[PDB]
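Quick notes on the structure that follows.
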Amino acid sequence: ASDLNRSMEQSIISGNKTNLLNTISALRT
Amino acid sequence: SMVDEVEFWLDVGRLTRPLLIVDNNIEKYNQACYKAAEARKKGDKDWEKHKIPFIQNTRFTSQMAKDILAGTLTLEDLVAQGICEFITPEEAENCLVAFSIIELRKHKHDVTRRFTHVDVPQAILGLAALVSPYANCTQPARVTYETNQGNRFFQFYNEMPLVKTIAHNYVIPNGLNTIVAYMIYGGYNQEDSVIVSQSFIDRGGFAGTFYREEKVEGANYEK
Amino acid sequence: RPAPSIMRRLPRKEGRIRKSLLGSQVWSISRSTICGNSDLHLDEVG
Amino acid sequence: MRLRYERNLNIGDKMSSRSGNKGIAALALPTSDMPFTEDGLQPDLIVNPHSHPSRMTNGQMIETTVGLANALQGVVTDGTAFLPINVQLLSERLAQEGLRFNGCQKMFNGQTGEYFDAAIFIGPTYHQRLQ
Amino acid sequence: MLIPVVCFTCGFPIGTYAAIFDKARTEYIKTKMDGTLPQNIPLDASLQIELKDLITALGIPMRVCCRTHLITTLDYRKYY
Amino acid sequence: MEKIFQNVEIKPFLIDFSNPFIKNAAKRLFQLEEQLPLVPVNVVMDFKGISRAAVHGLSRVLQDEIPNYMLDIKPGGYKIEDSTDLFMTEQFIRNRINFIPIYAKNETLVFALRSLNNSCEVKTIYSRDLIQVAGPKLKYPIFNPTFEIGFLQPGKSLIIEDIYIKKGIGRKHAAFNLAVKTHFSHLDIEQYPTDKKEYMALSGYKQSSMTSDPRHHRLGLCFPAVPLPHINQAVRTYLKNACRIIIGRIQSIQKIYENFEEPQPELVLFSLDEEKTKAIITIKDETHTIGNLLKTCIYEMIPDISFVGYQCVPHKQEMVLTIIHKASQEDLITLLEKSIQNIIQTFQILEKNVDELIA
Amino acid sequence: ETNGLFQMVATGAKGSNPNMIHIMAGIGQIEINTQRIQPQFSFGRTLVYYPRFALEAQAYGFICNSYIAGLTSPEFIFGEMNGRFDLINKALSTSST
Amino acid sequence: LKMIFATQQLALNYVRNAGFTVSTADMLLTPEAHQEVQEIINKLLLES
Amino acid sequence: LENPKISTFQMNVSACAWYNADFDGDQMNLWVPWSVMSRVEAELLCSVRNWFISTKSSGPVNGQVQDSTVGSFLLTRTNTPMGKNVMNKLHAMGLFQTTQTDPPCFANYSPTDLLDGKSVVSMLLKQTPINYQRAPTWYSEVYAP
Ligand SMILES: [Mg+2]
Ligand SMILES: [Zn+2]
């Protein structure tokens, strides 16, 4: 139910926050 | 070599990089050396003539570079042929790499320095590092040694740097070619300060829009 | 981790003693970036 | 709900060259108060020379020279790291284009109009604003 | 997004010619890069063609700032 | 007679249509086979027998501090609708419009911009799309029609209604800047050959600026847009205007002097008791032009002056001029009035020479 | 008389003689903890660019180039090691202090 | 402190007339000096 | 600072030595005392004039830094590339127009007279006499050969 999607979302929420060079470097980080 | 084990790895997470292969004629060199030794044994004294020079090179050519720049050739095509192969940190322990083609040419006829691969120097830097021009002429750590330790902006105007690097073939430049004067002008630019032109600011230089979203949503107006 | 206790308030850099008693948050205070000004005396601030 | 702020380059906004060199805008001057060369060229930015030694950023200087040459010629050249470089030949290229060997120029004080005794090093350098 | 209306440094109105320049340059580049023009053309090679005479013909004075901002400014139409 | 303004050279910047690429591009984009209505004009002028301070003051007055006109959007002029383009924000379009050079004599003109992209490709808004909606019909254009006002995505539109002429000085906003520096040299001072490596690190003049006192200068300024048929006239007006401006400012200071013995906030004069009188003059919204000019003329008038100086601190927005001299208050005031009259006469002679020469 | 960099270095305003010698006339041997570059890459190797048990000085952190001349890949790498060491030591010392 | 400020103003006002700058050519050795440096480096490598 | 566009805490560069600060994005806190007792104590006890001499080393924390040092060297330099390091009356006078002090007397100098930088420095120091003999950083045995 909501627990699955919400918990996976939260696992992504922890930090993991995203000019173009900076974004590409964050991806490559 | 310390222990006789041989390891094959095919798991995920292995960093890999393409490297040009270096071929040589060591087998022919050894055959010629043995023939020259036999000639010496015979006493004919032409053994010096039997020996042949050692040659180590790479199959990469200028035509291949032109094809790559024209889009005809790709890394997959090169790997399909014997020009280059992928190397990982594990296999890199068995590789002797010349840091540039200049080194390979310098030791072209040196049997003492048989190389296994050639590396393009720029491969030892990332995109962010490659953004800076003439990075090898600066010591980037000492630059930050003073600076070590310690909502979207859209900028209207951007320009390609007058001294462009490879990193700008893959990212959009953000900045301007500002006329910088290296001088003492009133002591207003001390301790890393910079004096700016008011007209440069007014004309839209480094001007943009900052966006903040109230998406989540005393005396106040309410009107 | 979320285990409230009376005696876990005191210890640590975030505890009562080191965060509330030694050091405090104060009103009537400003913070900003500093730049240079050659026309201000050594004992003046803009 | 979306809010937009018009953000010009304000005093106290960080500016950086490609080779580090983070800095803060400390003063803004009108066009009449900025220094100018005998050809009328004036700087968008004035940077203290005292940063270079400790920062050891010669790449900014080489970029300024190559940019002067390129702007006069009207091209954009490749300055990737580890490519062959000869600063003497870059200076000679500057000399050929009608400028001085060192790239310096005669400059005047905008406020008073008196020429500086020493030729000043002014040229195009790539700069960006940190967020 | 476009070539600035006036030069950022000195305020010379380069923009008056900007559009024309952006056209002429294109044609000029093609002519110098004679042969196939399939857009395979290396950008780092197209940037090596000297546009000094073209800009001089446009009437822009021989000023470092104006030439720099004219030849280096990015156009949003091409990228987007 | 005096001929402070000795020689003038006017040379407009024109388009060379002999270049095939430029000709083709102009004809295709704008059907333009002739010089644009407004062209920049490069004026090189020689001044003899005038202090460097006055020449540089005139130069910077022309660059800014001279009344000038720009195009601005009245509040609410930018109409936000359903089809308004997202990229062409009001800030961007306002910045683009503000810095369009104009040569307008009437301030009552009001223009409008109404563009729609009904096509399937990005369209480009040019200045020729600007249409006059108020004021007497223009017999001659006030701006060139080749500027790229912006671009619109397919199906979008841009509507700005109230575009009017605004007056101001350059130093307050760069959009009012008038002149562009192109040359400044002193013909009185000999110069080294700077190509040699033993002199490339020096300015090239044979005299240090700390001892040199030049009196023969060449100053070259570029005006961004003047009517092609009226170049000689337009330039003349500019120069004359500049002179008047300076005189006006100087005259203000003179008034402050003429009211001594009457409590004034600007003039503060006292006696140092060494038979030295000290006078301090504080003028708000004053620039280095007037301060340097006053200092130079006072110094010339009183070679044995105990001290004369001025400070225009950037963060104070005022000019403070200090004069200390071994004389009584009335004598010092008379000397200052004499110096001010001398500089005013110099600039009047400059205006007359401008009129004789450029005409 | 007319050298800005030298005048800044000599008058004590900024810089030092080693900085001038590194910018011009060569960086020289790189030393970490008063030691050359130790063979961390592999048994008897310092980097992938040099053979096992290399005898040349360049293989252990000797830079024959100057910053103006330009540094090759191994020289740049060794300089990077040294600079990162300086930064890490500074951080550790700050924390301990 | 007052004298520090006044001397700073004096120095800045002097530099206002006698400009100061750093150029790229300030870090450029002459060819003969370059050859001398190369000789020194070669001697060190010979000792090694 | 009454300019509405300025929003930074502006300080003299020579003051940075107190706080070990640079204008590379460093931030600072500032609070104005409002009570009478706190204002009196701030004015009488915590004024930066008290911190001029370091408590750690018993030495001067503050002095000329960067452009001030090189500018002093150039000013007191005996010889310039153009010749002798001299200035006319006008420029010598102009050197003193931003010092925020009482201007000295130049009534004894003709407009064509030449003044050395040592002379102007001598006037400024004669404002507060002191005796000092030593060698400068300019003179180094390393560069002497
Ligand atoms: Mg800092
Ligand atoms: Zn320009």
Side-chain angles (χ1 to χ4, degrees), chain D residues 2-12 25-44 46 49 65 68 74 88 90-122, chain F residues 51-57 59-65 89-92 94-95 169-174 177 179-186 189 191 194-197 199-205 207-210 212 214 217-222 287-289 291-292 295-296 312 314-315:
Chain D
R2 221 204 216 166
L3 299 182
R4 100 175 84 82
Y5 312 67
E6 319 155 32
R7 287 293 181 69
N8 295 26
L9 186 65
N10 287 118
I11 298 308
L27 176 74
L29 287 169
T31 181
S32 37
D33 288 353
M34 292 295 278
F36 59 100
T37 63
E38 57 163 339
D39 308 291
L41 178 79
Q42 62 168 6
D44 315 336
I46 310 180
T65 287
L68 265 166
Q88 174 85 30
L90 301 175
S91 304
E92 291 181 3
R93 176 171 165 240
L94 265 188
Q96 297 168 4
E97 208 64 13
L99 306 192
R100 289 192 199 185
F101 177 86
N102 52 1
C104 295
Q105 261 163 294
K106 187 204 317 300
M107 269 200 116
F108 294 72
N109 186 5
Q111 293 160 359
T112 44
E114 296 140 6
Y115 55 89
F116 302 105
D117 274 354
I120 304 296
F121 186 50
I122 174 170
Chain F
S51 68
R52 161 179 52 199
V55 172
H56 189 51
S59 153
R60 55 191 281 130
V61 156
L62 279 175
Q63 304 169 57
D64 48 3
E65 299 148 54
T89 74
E90 194 197 2
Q91 198 196 338
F92 188 69
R94 187 191 288 278
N95 205 68
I169 63 175
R171 60 194 194 79
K172 298 296 173 53
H173 193 245
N177 284 4
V180 191
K181 290 166 301 220
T182 64
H183 181 73
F184 188 46
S185 84
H186 305 300
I189 310 167
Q191 282 183 57
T194 48
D195 60 37
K196 307 178 182 175
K197 283 208 180 179
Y199 303 131
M200 59 167 217
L202 313 178
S203 72
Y205 279 117
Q207 303 191 28
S208 185
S209 46
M210 313 220 65
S212 148
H217 328 269
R218 199 197 302 288
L219 173 72
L221 294 156
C222 179
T287 69
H288 295 256
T289 302
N292 204 52
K295 161 160 133 287
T296 298
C312 202
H315 80 258

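Any value given below was found using the heavy atoms of this structure, including those in side chains, with hydrogens, waters and symmetry copies removed. A note on names: the letters A, B, ... follow the listed sequences, proteins ahead of strands, and every chain is numbered from 1.
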Out of F:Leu221, F:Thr182, F:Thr289, F:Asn292, which one racks up the most heavy-atom pairs below 4.5 Å with chain D?
F:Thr182
F:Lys172 with F:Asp64: basic N within carboxylate O range, under 4.0 Å
no
Ring-plane angle category for D:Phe36 and F:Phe184, please: parallel below 30°, perpendicular beyond 60°, tilted otherwise.
tilted
Hey, is the main chain of F:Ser59 close enough, under 3.5 Å, to the side chain of F:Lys181 for a donor-acceptor pair?
no
Over 60° means perpendicular and under 30° means parallel, so tell me whether F:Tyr205 and D:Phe108 are parallel, tilted or perpendicular.
perpendicular
Verify, without hydrogens or angle tests, whether F:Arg60 (side chain) and D:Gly110 (backbone) share a donor-acceptor contact under 3.5 angstrom.
yes
Need one label for D:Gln42: side chain, backbone, both or neither, based on atoms under 4.5 Å from any heavy atom in chain F.
side chain
In terms of heavy-atom proximity below 4.5 Å to chain D, should F:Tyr199 be classed as side chain, backbone, both, or neither?
backbone
Among F:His315, F:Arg171, F:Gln63, F:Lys197, which residue has the highest count of heavy-atom pairs closer than 4.5 Å to chain D?
F:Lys197
Measure distances from D:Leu27 to the heavy atoms of chain F and classify the residue's part below 4.5 Å as side chain, backbone, both or neither.
side chain
Answer with side chain, backbone, both or neither: which region of F:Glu90 has an atom nearer than 4.5 Å to a non-hydrogen atom of chain D?
neither
If one checks every heavy atom of F:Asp195 against chain D at 4.5 Å, the contacting part turns out to be neither
Does atom CD of D:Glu92 have more than 12 heavy-atom neighbours, drawn from other residues, nucleotides or ligands, at distances under 6.0 Å?
yes
Given a strict heavy-atom distance threshold of 4.5 Å, which part of F:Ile189 is in contact with chain D: side chain, backbone, both, or neither?
side chain
